[PDB]
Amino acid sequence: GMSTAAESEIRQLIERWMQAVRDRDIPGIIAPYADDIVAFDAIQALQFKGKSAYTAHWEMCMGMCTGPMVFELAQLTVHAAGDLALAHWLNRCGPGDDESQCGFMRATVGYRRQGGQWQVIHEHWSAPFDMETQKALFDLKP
């Protein structure tokens, strides 16, 4: 079954990674990423393939938001067995200056134990949209 030691390690990886995002610390954001990470981000493109391309995307995103930021999580679920792990959570984000602009997105992350370390091999970030308006829904409750 599941490994509580691995799940504890994944939870700590997530804590430091979230903190890196809030600190705008790019080296900390990408440190746990596998070289062949595949990421589905919430915006702009269908996917990013490989750490170099996804780094370039993070660098662009980072430079393009001045001011304070909300980046916090709710309903974290973590499962880990052997060399594979999965986590998912709801992620509140937006401008720390204005909470009228701060909503929930969804997150899923896949991890693999390699070189004696857990690395992120996959991320999927998104907002749901409305069928009729085809607009992203940002004001929804968990």
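Each residue number is its position in the shown sequence, starting from 1.
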Tell me which of 24-32 and 66-74 has the higher mean C-alpha B-factor in the deposited entry.
-> 66-74
When the C-alpha temperature factors are averaged for each of 95-103 and 108-116, which stretch ends up with the higher value in the entry?
-> 95-103
Given 134, 12, 126, 19, the residue at which the Cα B factor reaches its maximum = 134
Out of 86, 45, 61, 39, highest CA B-factor residue | 61
